Amino acid sequence: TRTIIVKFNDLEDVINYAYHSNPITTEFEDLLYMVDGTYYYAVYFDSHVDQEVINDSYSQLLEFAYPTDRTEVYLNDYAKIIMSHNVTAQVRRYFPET
Amino acid sequence: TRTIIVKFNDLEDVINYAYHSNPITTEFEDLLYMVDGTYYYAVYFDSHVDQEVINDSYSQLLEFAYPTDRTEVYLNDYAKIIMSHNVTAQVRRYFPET
Amino acid sequence: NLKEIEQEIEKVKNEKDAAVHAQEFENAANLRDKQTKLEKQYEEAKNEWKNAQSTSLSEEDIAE
Amino acid sequence: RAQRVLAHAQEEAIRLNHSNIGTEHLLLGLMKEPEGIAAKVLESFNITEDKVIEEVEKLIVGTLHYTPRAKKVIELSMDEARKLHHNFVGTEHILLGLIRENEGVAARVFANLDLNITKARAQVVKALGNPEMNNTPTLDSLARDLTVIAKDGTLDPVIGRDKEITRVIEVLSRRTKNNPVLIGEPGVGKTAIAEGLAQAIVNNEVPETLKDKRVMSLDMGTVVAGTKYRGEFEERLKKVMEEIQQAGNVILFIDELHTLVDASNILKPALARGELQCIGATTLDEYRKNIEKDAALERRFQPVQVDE
Amino acid sequence: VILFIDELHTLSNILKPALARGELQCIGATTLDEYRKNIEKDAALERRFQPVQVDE
Amino acid sequence: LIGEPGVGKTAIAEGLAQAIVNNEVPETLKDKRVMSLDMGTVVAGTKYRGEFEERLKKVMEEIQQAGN
Ligand SMILES: Nc1ncnc2c1ncn2[C@@H]1O[C@H](COP(=O)(O)OP(=O)(O)O)[C@@H](O)[C@H]1O
Ligand SMILES: [Mg+2]
């Protein structure tokens with residue numbers, strides 16, 4: 001699948017990934033969802049990206065967050081979109097480093 | 001295998017082997033390890049020494065020593081090298097007769 | 001009162017092992033010779049003990 | 001312990017110029033220390049340093065911190081040290097922690113290099129293992145062993161009860177009625193006498209006769225499980241008895257001996273025959289009211305007074 | 001873990017593997033009638049259990 | 001054997017057994033087995049109905065068959 005989701009317990013973990021992670025030099029589209037305070041990170045890859053970069057990212061998120069416990073359909077239903085197409089840039093611009 | 005490891009409960013057994021044993025006129029390299037007071041004896045034969053001679057020497061070792069209770073990897077990690085490349089000779093030259 | 005030899009035997013053996021653990025072989029041989037001497041003295045003490053190792057039941061032992 | 005891998009982690013982070021310290025860095029450090037058990041075990045699976053370096057480079061300042069997954073891996077490795085390896089943690093514990101947490105860049109490298117997880121765990125266990133690969137089950141369950149506690153050193157010391165301990169020692173050395181009874185008010189130290197006897201046994205103070213005899217406190221809490229079934233408690237009493245018989249090195253401490261004097265007809269032949277040696281603790285009033293009345297119990301037990 | 005067992009009187013030698021040496025910390029509760037009858041009459045329970053009277 | 005405690009009744013039974021072993025008894029008791037039975041052992045583990053009677057009956061039948 002080209003749609004992954006990971007689970008950030010707190011916005012501190014999101015800030016940690018935005019600052020201290022150097023993701024693979026790849027192009028992708030990022031959306032941030034929130035339900036009951038839990039942050040869900042959804043990134044969508046175009047038709048030219050390999051699943052190896054996807055597992056590497058899912059591990060860096062896994063190095064900063066947890067695997068998703070909610071399906072994509074459930075998040076598209078009940079989760080409020082918080083950020084789209086720019087996650088790291090906007091948290092870096094607003095939030096400072098830990 | 002090319003590595004023979006035997007365990008000496010005490011130093012007296014090491015001296016007993018050093019003086020009272022008559023190994024086959026073979027070429028080998030020997031080291032003496034020590035963990036928790038227990039002594040371990042390792043002998044490495046050349047590539048040209050046959051396996052039957054290895055087993056023969058191992059069974060000659062068992063007269064004065066017990067079969068090893070720790071693997072070679074654990075010994076190389078944790079055990080301290082007490083003597084190198086000449087165990088019988090150095091034990092004989094340092095400690096006197098029983 | 002023979003206990004005053006076992007403790008020094010234990011101390012000498014522990015010092016023996018600690019000394020050989022540090023690749024100090026001359027001190028090791030000296031300590032081993034001392035340990036052998038102390039072990040022989042302890043064996044001699046045990047020998048005098050078993051030589052001292054008869055008691056009879058008297059009328060007073062029963063009166064008590 | 002081997003902290004040089006943790007020391008590597010920063011150095012390899014600078015060398016690769018990464019902004020974090022991940023599980024792949026820890027794997028690179030395990031490679032950096034060839035002496036390690038983890039390095040040898042992973043080398044046995046043809047997983048060597050240059051291949052790991054190439055895989056990490058294919059896969060993946062100053063504010064470098066261990067990623068939450070790296071911290072989780074370290075915590076798991078400490079928890080894996082609960083394999084009776086005390087506080088000290090080694091490289092193979094770290095490798096086992098990485099194996100258990102099959103998530104992260106290290107897990108991705110293992111999958112990419114086709115390394116089996118269960119086989120690696122078995123290899124580590126065998127490397128840590130031993131290459132070369134009587135008892136009273138019921139008594140050890142319903143009774144409290146005092147000699148093992150004394151050997152462990154957890155038993156509290158006994159002070160000043162030298163005369164009582166010597167009296168117990170000389171009573172136990174008799175041929176016919178070698179069963180002492182400790183008579184005293186509650187809370188004076190009657191159980192402390194048995195504990196001190198166990199300490200003397202451990203400290204090699206007892207004579208040659210009691211040199212290697214265990215002191216097992218037969219707690220009489222619920223040995224009488226059911227008072228209505230015929231023989232339900234008699235059966236387990238007989239079982240405890242023949243277990244004590246088959247291993248003739250068990251001294252038995254029975255607190256509140258007067259509660260058992262239902263079991264008189266079973267304990268009487270064994271005590272009179274010499275298969276069981278017993279130490280009892282009772283009160284003077286209870287002793288006079290129960291044990292002194294029966295002449296059969298007097299022909300077995302010898303009173304010892306424990307004073308406040 | 002601190003173990004709580006209500007109706008303690010419904011429960012010694014069932015649980016000495018953690019009560020003889022105090023491995024289980026019993027924090028149970030019972031009435032005075034069910035305490036004097038079977039808890040006060042036991043030697044092992046007197047060694048470990050301490051009566052905490054609960055007031056009206 | 002009737003007597004005060006500690007007079008030697010069990011000693012009397014043991015002496016009879018020793019006389020059997022040393023063979024100083026009449027011919028009718030030359031090779032008899034003196035077997036000491038404790039009733040607490042017989043009653044041990046007898047919760048269900050009829051088990052004690054069954055055990056005692058088997059013991060008696062064995063005594064009758066052996067005859068010694
Ligand atoms: N002589 C002694 N030396 C050390 N501790 C003692 C001594 N006598 C009693 N104690 C302590 O005081 C407590 C008293 O309990 P104890 O008198 O043994 O109960 P019981 O008399 O019912 O056997 C024990 O837990 C023991 O630790
Ligand atoms: Mg009798």
# chains A, B, ... in the order shown; residues from 1 in each chain; ligands from 1
>>> select_by_dssp(residues="chain A", states="helix (DSSP H, G or I)", output="ChimeraX atom specification")
/A:11-20,51-64,72-78,88-94
>>> write_last_selection(atoms="N, CA, C and O atoms", output="compact mmCIF listing (two decimals), in the first residue's frame")
# COMPACT_ATOMS: atom_id res chain seq x y z
N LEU A 11 2.73 15.59 20.90
CA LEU A 11 3.32 16.53 19.96
C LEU A 11 4.82 16.67 20.17
O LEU A 11 5.52 17.11 19.25
N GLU A 12 5.32 16.31 21.35
CA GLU A 12 6.76 16.29 21.57
C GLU A 12 7.44 15.30 20.64
O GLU A 12 8.52 15.57 20.11
N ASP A 13 6.83 14.13 20.43
CA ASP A 13 7.39 13.16 19.50
C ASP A 13 7.35 13.67 18.06
O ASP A 13 8.27 13.42 17.28
N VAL A 14 6.29 14.39 17.70
CA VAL A 14 6.21 14.98 16.37
C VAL A 14 7.33 16.00 16.18
O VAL A 14 7.98 16.05 15.13
N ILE A 15 7.56 16.83 17.20
CA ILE A 15 8.65 17.80 17.14
C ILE A 15 9.99 17.09 17.04
O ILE A 15 10.89 17.52 16.30
N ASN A 16 10.15 16.00 17.78
CA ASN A 16 11.40 15.24 17.75
C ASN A 16 11.66 14.69 16.35
O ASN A 16 12.79 14.77 15.84
N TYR A 17 10.63 14.13 15.71
CA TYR A 17 10.82 13.63 14.35
C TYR A 17 11.08 14.76 13.37
O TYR A 17 11.90 14.63 12.46
N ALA A 18 10.38 15.89 13.52
CA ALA A 18 10.56 17.00 12.60
C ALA A 18 11.97 17.56 12.69
O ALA A 18 12.58 17.92 11.67
N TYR A 19 12.52 17.65 13.90
CA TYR A 19 13.83 18.25 14.08
C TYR A 19 14.96 17.25 13.86
O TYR A 19 15.80 17.44 12.97
N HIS A 20 14.99 16.18 14.65
CA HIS A 20 16.17 15.33 14.79
C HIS A 20 16.20 14.17 13.80
O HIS A 20 17.09 13.32 13.89
N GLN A 51 8.97 0.48 -1.54
CA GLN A 51 8.51 0.20 -0.19
C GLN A 51 9.66 0.17 0.81
O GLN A 51 9.41 0.21 2.02
N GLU A 52 10.91 0.11 0.35
CA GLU A 52 12.04 0.10 1.26
C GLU A 52 12.19 1.44 1.97
O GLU A 52 12.43 1.50 3.18
N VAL A 53 12.04 2.54 1.23
CA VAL A 53 12.02 3.86 1.85
C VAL A 53 10.83 3.99 2.79
O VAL A 53 10.92 4.63 3.85
N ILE A 54 9.69 3.38 2.43
CA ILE A 54 8.52 3.36 3.31
C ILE A 54 8.78 2.63 4.62
O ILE A 54 8.34 3.08 5.68
N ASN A 55 9.42 1.46 4.58
CA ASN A 55 9.72 0.82 5.86
C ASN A 55 10.79 1.59 6.63
O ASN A 55 10.73 1.65 7.87
N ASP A 56 11.76 2.18 5.94
CA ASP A 56 12.76 2.98 6.65
C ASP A 56 12.08 4.13 7.39
O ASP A 56 12.32 4.34 8.58
N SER A 57 11.21 4.87 6.69
CA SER A 57 10.48 5.94 7.37
C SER A 57 9.66 5.38 8.51
O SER A 57 9.84 5.78 9.66
N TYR A 58 8.86 4.34 8.24
CA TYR A 58 8.00 3.75 9.26
C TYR A 58 8.80 3.31 10.47
O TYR A 58 8.27 3.19 11.58
N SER A 59 10.11 3.09 10.29
CA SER A 59 10.98 2.80 11.43
C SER A 59 11.46 4.08 12.12
O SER A 59 11.58 4.10 13.35
N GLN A 60 11.76 5.14 11.36
CA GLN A 60 12.11 6.41 12.01
C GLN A 60 10.94 6.99 12.79
O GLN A 60 11.12 7.44 13.93
N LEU A 61 9.75 7.01 12.19
CA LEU A 61 8.53 7.19 12.96
C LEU A 61 8.46 6.18 14.10
O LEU A 61 8.25 6.57 15.25
N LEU A 62 8.67 4.90 13.82
CA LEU A 62 8.78 3.91 14.89
C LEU A 62 9.92 4.23 15.84
O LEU A 62 9.90 3.79 17.00
N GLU A 63 10.93 4.97 15.39
CA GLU A 63 11.96 5.45 16.30
C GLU A 63 11.50 6.68 17.06
O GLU A 63 12.12 7.08 18.05
N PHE A 64 10.40 7.30 16.63
CA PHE A 64 9.86 8.47 17.29
C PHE A 64 8.37 8.36 17.61
O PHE A 64 7.82 9.27 18.25
N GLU A 72 -7.09 3.36 7.85
CA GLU A 72 -7.13 4.59 7.06
C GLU A 72 -8.55 5.12 6.94
O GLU A 72 -8.78 6.33 7.00
N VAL A 73 -9.52 4.22 6.77
CA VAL A 73 -10.92 4.63 6.63
C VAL A 73 -11.42 5.29 7.91
O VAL A 73 -12.10 6.32 7.87
N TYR A 74 -11.08 4.70 9.06
CA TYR A 74 -11.51 5.28 10.33
C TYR A 74 -10.93 6.67 10.53
O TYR A 74 -11.62 7.57 11.01
N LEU A 75 -9.66 6.87 10.17
CA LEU A 75 -9.06 8.19 10.33
C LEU A 75 -9.66 9.19 9.35
O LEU A 75 -9.88 10.35 9.70
N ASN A 76 -9.93 8.76 8.11
CA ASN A 76 -10.59 9.67 7.18
C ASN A 76 -12.00 10.02 7.66
O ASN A 76 -12.51 11.10 7.34
N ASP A 77 -12.63 9.14 8.44
CA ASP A 77 -13.95 9.43 8.97
C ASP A 77 -13.90 10.38 10.16
O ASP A 77 -14.43 11.50 10.11
N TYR A 78 -13.26 9.95 11.25
CA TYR A 78 -13.43 10.61 12.54
C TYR A 78 -12.27 11.54 12.88
O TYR A 78 -12.44 12.46 13.68
N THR A 88 6.58 18.88 8.65
CA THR A 88 7.85 19.24 9.27
C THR A 88 8.11 20.74 9.20
O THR A 88 8.57 21.34 10.17
N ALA A 89 7.81 21.35 8.05
CA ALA A 89 8.10 22.77 7.87
C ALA A 89 7.33 23.62 8.87
O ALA A 89 7.89 24.52 9.50
N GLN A 90 6.04 23.32 9.06
CA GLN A 90 5.22 24.19 9.91
C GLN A 90 5.52 23.98 11.39
O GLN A 90 5.50 24.95 12.16
N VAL A 91 5.79 22.75 11.82
CA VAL A 91 6.15 22.56 13.22
C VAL A 91 7.52 23.17 13.50
O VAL A 91 7.75 23.73 14.58
N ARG A 92 8.44 23.07 12.54
CA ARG A 92 9.74 23.72 12.72
C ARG A 92 9.58 25.24 12.77
O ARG A 92 10.29 25.92 13.52
N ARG A 93 8.66 25.78 11.97
CA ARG A 93 8.49 27.23 11.93
C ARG A 93 7.83 27.74 13.20
O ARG A 93 8.22 28.78 13.74
N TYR A 94 6.82 27.02 13.70
CA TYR A 94 6.13 27.47 14.91
C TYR A 94 6.81 26.96 16.17
O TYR A 94 7.26 27.75 17.01
>>> residues_near_ligand(ligand="ligand 2", cutoff="8 Å", atoms="only C-alpha atoms and all ligand atoms", output="list in words")
residues 5, 6, 8, 9, 10 and 11 of chain F
>>> write_last_selection(atoms="C-alpha atoms", output="tab-separated table (two decimals), in the first residue's frame")
chain	number	residue	atom	x	y	z
F	5	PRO	CA	3.64	-47.68	80.49
F	6	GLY	CA	7.28	-48.48	79.84
F	8	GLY	CA	8.35	-53.83	77.91
F	9	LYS	CA	5.27	-55.12	76.09
F	10	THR	CA	6.61	-54.00	72.71
F	11	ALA	CA	9.87	-55.53	73.91
>>> residues_near_ligand(ligand="ligand 1", cutoff="12 Å", atoms="only C-alpha atoms and all ligand atoms", output="ChimeraX atom specification")
/D:154-165,181-197,199,217,219,253-257,279-283,305-308 /E:21,41-48
>>> interface_residues(of="chain D", to="chain B", cutoff="10 Å", atoms="only C-alpha atoms", output="mmCIF file with C-alpha atoms, in the first residue's frame")
data_model
loop_
_atom_site.group_PDB
_atom_site.id
_atom_site.type_symbol
_atom_site.label_atom_id
_atom_site.label_comp_id
_atom_site.auth_asym_id
_atom_site.auth_seq_id
_atom_site.Cartn_x
_atom_site.Cartn_y
_atom_site.Cartn_z
ATOM 1 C CA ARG D 1 30.305 -4.339 30.699
ATOM 2 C CA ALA D 2 30.924 -3.435 27.041
ATOM 3 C CA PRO D 34 34.658 -7.960 16.800
ATOM 4 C CA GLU D 35 35.398 -9.513 20.199
ATOM 5 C CA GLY D 36 31.716 -9.442 21.094
ATOM 6 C CA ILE D 37 29.465 -12.464 21.322
ATOM 7 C CA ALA D 38 27.001 -10.598 19.103
ATOM 8 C CA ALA D 39 29.699 -9.947 16.498
ATOM 9 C CA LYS D 40 30.791 -13.596 16.378
ATOM 10 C CA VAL D 41 27.204 -14.889 16.286
ATOM 11 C CA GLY D 90 26.701 -7.648 27.529
ATOM 12 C CA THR D 91 26.682 -7.377 23.760
ATOM 13 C CA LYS D 126 23.631 -21.770 22.937
ATOM 14 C CA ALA D 127 26.635 -19.431 23.081
ATOM 15 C CA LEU D 128 25.636 -18.378 26.600
ATOM 16 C CA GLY D 129 24.709 -21.929 27.584
ATOM 17 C CA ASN D 130 26.603 -24.942 28.859
ATOM 18 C CA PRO D 131 28.160 -26.874 25.939
ATOM 19 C CA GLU D 132 27.998 -30.139 27.928
ATOM 20 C CA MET D 133 24.269 -29.529 28.500
#
>>> residues_around(residues="residue 50 of chain A", least_positions_apart="5", cutoff="12 Å", atoms="only C-alpha atoms", output="PDB file with N, CA, C and O atoms, in the first residue's frame")
ATOM      1  N   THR A   1       0.824  -1.201   0.000  1.00  0.00           N
ATOM      2  CA  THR A   1       0.000   0.000   0.000  1.00  0.00           C
ATOM      3  C   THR A   1       0.861   1.256   0.000  1.00  0.00           C
ATOM      4  O   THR A   1       1.957   1.268   0.558  1.00  0.00           O
ATOM      5  N   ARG A   2       0.362   2.313  -0.634  1.00  0.00           N
ATOM      6  CA  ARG A   2       1.069   3.584  -0.695  1.00  0.00           C
ATOM      7  C   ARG A   2       0.666   4.527   0.425  1.00  0.00           C
ATOM      8  O   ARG A   2       1.175   5.651   0.501  1.00  0.00           O
ATOM      9  N   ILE A  24      14.863  10.081   4.267  1.00  0.00           N
ATOM     10  CA  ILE A  24      15.440   9.803   2.958  1.00  0.00           C
ATOM     11  C   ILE A  24      15.052  10.910   1.988  1.00  0.00           C
ATOM     12  O   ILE A  24      13.934  11.435   2.044  1.00  0.00           O
ATOM     13  N   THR A  26      13.440  11.925  -0.440  1.00  0.00           N
ATOM     14  CA  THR A  26      12.321  11.396  -1.198  1.00  0.00           C
ATOM     15  C   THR A  26      11.187  12.410  -1.179  1.00  0.00           C
ATOM     16  O   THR A  26      11.100  13.258  -0.288  1.00  0.00           O
ATOM     17  N   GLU A  27      10.318  12.318  -2.179  1.00  0.00           N
ATOM     18  CA  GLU A  27       9.154  13.187  -2.277  1.00  0.00           C
ATOM     19  C   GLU A  27       7.886  12.452  -1.844  1.00  0.00           C
ATOM     20  O   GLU A  27       7.657  11.299  -2.222  1.00  0.00           O
ATOM     21  N   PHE A  28       7.093  13.112  -1.004  1.00  0.00           N
ATOM     22  CA  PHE A  28       5.923  12.494  -0.397  1.00  0.00           C
ATOM     23  C   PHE A  28       4.987  13.585   0.102  1.00  0.00           C
ATOM     24  O   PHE A  28       5.379  14.746   0.241  1.00  0.00           O
ATOM     25  N   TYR A  44       1.734   9.880   1.842  1.00  0.00           N
ATOM     26  CA  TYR A  44       1.309   9.228   0.611  1.00  0.00           C
ATOM     27  C   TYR A  44       2.418   9.367  -0.420  1.00  0.00           C
ATOM     28  O   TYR A  44       2.899  10.477  -0.672  1.00  0.00           O
ATOM     29  N   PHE A  45       2.822   8.248  -1.008  1.00  0.00           N
ATOM     30  CA  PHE A  45       3.914   8.224  -1.967  1.00  0.00           C
ATOM     31  C   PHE A  45       3.357   8.115  -3.379  1.00  0.00           C
ATOM     32  O   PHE A  45       2.367   7.418  -3.614  1.00  0.00           O
ATOM     33  N   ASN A  55       9.421   1.456   4.578  1.00  0.00           N
ATOM     34  CA  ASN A  55       9.717   0.820   5.861  1.00  0.00           C
ATOM     35  C   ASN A  55      10.785   1.590   6.632  1.00  0.00           C
ATOM     36  O   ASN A  55      10.731   1.655   7.865  1.00  0.00           O
ATOM     37  N   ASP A  56      11.763   2.183   5.939  1.00  0.00           N
ATOM     38  CA  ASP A  56      12.759   2.980   6.652  1.00  0.00           C
ATOM     39  C   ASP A  56      12.081   4.131   7.387  1.00  0.00           C
ATOM     40  O   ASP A  56      12.315   4.340   8.585  1.00  0.00           O
ATOM     41  N   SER A  57      11.213   4.872   6.695  1.00  0.00           N
ATOM     42  CA  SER A  57      10.483   5.938   7.365  1.00  0.00           C
ATOM     43  C   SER A  57       9.659   5.375   8.511  1.00  0.00           C
ATOM     44  O   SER A  57       9.837   5.783   9.660  1.00  0.00           O
TER      45      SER A  57
ATOM     46  N   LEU D  59      19.955   2.342   3.161  1.00  0.00           N
ATOM     47  CA  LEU D  59      18.686   2.550   3.844  1.00  0.00           C
ATOM     48  C   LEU D  59      18.518   4.007   4.253  1.00  0.00           C
ATOM     49  O   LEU D  59      17.654   4.715   3.728  1.00  0.00           O
TER      50      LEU D  59
END
>>> residues_around(residues="residue 38 of chain B", least_positions_apart="5", cutoff="9 Å", atoms="only C-alpha atoms", output="ChimeraX atom specification")
/B:7-11,33
>>> residues_around(residues="segment 294-303 of chain D", least_positions_apart="6", cutoff="6 Å", atoms="only C-alpha atoms", output="MDAnalysis selection string")
chainID D and resid 177 179:181
>>> residues_around(residues="residue 83 of chain B", least_positions_apart="3", cutoff="7 Å", atoms="only C-alpha atoms", output="MDAnalysis selection string")
chainID B and resid 31:32 86:87
>>> atom_distance(atom1="atom CA of residue 141 of chain D", atom2="atom CA of residue 178 of chain D")
25.7 Å
>>> atom_distance(atom1="atom CA of residue 57 of chain D", atom2="atom CA of residue 28 of chain D")
11.1 Å
>>> residues_around(residues="segment 51-61 of chain F", least_positions_apart="2", cutoff="12 Å", atoms="only C-alpha atoms", output="list in words")
residues 230 and 231 of chain D; 35, 37, 38, 39, 40, 41, 42, 43, 44, 45, 46, 47, 48, 49, 63, 64, 65, 66 and 67 of chain F
>>> write_last_selection(atoms="C-alpha atoms", output="PDB file, in the first residue's frame")
ATOM      1  CA  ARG D 230     -12.078 -39.679  56.672  1.00  0.00           C
ATOM      2  CA  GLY D 231      -8.328 -39.917  56.149  1.00  0.00           C
TER       3      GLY D 231
ATOM      4  CA  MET F  35       3.947 -58.285  60.997  1.00  0.00           C
ATOM      5  CA  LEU F  37       0.042 -53.347  61.715  1.00  0.00           C
ATOM      6  CA  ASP F  38      -0.835 -49.751  62.599  1.00  0.00           C
ATOM      7  CA  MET F  39      -4.532 -48.929  62.309  1.00  0.00           C
ATOM      8  CA  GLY F  40      -3.772 -45.325  61.380  1.00  0.00           C
ATOM      9  CA  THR F  41      -2.026 -46.625  58.271  1.00  0.00           C
ATOM     10  CA  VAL F  42      -5.049 -48.805  57.473  1.00  0.00           C
ATOM     11  CA  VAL F  43      -7.432 -45.845  57.870  1.00  0.00           C
ATOM     12  CA  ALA F  44      -5.219 -43.503  55.816  1.00  0.00           C
ATOM     13  CA  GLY F  45      -6.742 -42.237  52.574  1.00  0.00           C
ATOM     14  CA  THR F  46     -10.209 -43.723  53.071  1.00  0.00           C
ATOM     15  CA  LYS F  47     -12.631 -40.919  52.228  1.00  0.00           C
ATOM     16  CA  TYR F  48     -15.175 -42.911  50.221  1.00  0.00           C
ATOM     17  CA  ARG F  49     -17.600 -45.480  51.599  1.00  0.00           C
ATOM     18  CA  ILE F  63      -3.570 -63.656  56.091  1.00  0.00           C
ATOM     19  CA  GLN F  64      -5.822 -66.668  55.513  1.00  0.00           C
ATOM     20  CA  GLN F  65      -4.121 -67.606  52.238  1.00  0.00           C
ATOM     21  CA  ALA F  66      -0.596 -67.252  53.635  1.00  0.00           C
ATOM     22  CA  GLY F  67      -1.329 -69.080  56.882  1.00  0.00           C
TER      23      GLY F  67
END
>>> decode(residues="segment 48-96 of chain D", atoms="C-alpha atoms", output="CSV table (one decimal), in the first residue's frame")
chain,number,residue,atom,x,y,z
D,48,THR,CA,29.9,-8.8,8.4
D,49,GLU,CA,30.7,-5.1,8.9
D,50,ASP,CA,31.0,-3.9,5.3
D,51,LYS,CA,27.7,-5.5,4.3
D,52,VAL,CA,26.0,-3.8,7.3
D,53,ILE,CA,27.6,-0.5,6.4
D,54,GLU,CA,26.4,-0.7,2.8
D,55,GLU,CA,22.9,-1.7,3.8
D,56,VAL,CA,22.7,1.2,6.3
D,57,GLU,CA,24.0,3.7,3.8
D,58,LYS,CA,21.4,2.4,1.2
D,59,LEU,CA,18.7,2.5,3.8
D,60,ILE,CA,19.2,5.8,5.7
D,61,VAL,CA,24.4,18.9,14.5
D,62,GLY,CA,25.6,18.4,18.1
D,63,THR,CA,22.0,17.8,19.4
D,64,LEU,CA,22.3,14.1,18.9
D,65,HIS,CA,20.0,12.0,21.1
D,66,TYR,CA,19.1,8.3,21.2
D,67,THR,CA,15.8,7.8,19.4
D,68,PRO,CA,12.9,6.6,21.5
D,69,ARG,CA,13.2,3.2,19.8
D,70,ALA,CA,16.9,3.1,20.7
D,71,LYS,CA,16.0,3.8,24.3
D,72,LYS,CA,13.3,1.1,24.1
D,73,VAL,CA,15.9,-1.3,22.8
D,74,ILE,CA,18.3,-0.5,25.6
D,75,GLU,CA,15.5,-0.9,28.2
D,76,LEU,CA,14.6,-4.2,26.7
D,77,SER,CA,18.3,-5.3,26.8
D,78,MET,CA,18.3,-4.4,30.5
D,79,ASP,CA,15.1,-6.4,30.9
D,80,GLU,CA,16.7,-9.3,29.0
D,81,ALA,CA,19.4,-9.2,31.7
D,82,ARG,CA,16.8,-10.7,33.9
D,83,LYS,CA,18.1,-14.0,32.5
D,84,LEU,CA,19.9,-14.5,35.7
D,85,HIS,CA,22.8,-12.4,34.6
D,86,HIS,CA,22.5,-9.8,37.4
D,87,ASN,CA,23.2,-6.1,36.7
D,88,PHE,CA,25.9,-6.6,34.1
D,89,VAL,CA,24.7,-6.4,30.5
D,90,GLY,CA,26.7,-7.6,27.5
D,91,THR,CA,26.7,-7.4,23.8
D,92,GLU,CA,24.6,-10.5,23.4
D,93,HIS,CA,21.9,-9.0,25.7
D,94,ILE,CA,21.8,-6.0,23.4
D,95,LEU,CA,21.5,-8.4,20.4
D,96,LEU,CA,18.7,-10.3,22.1
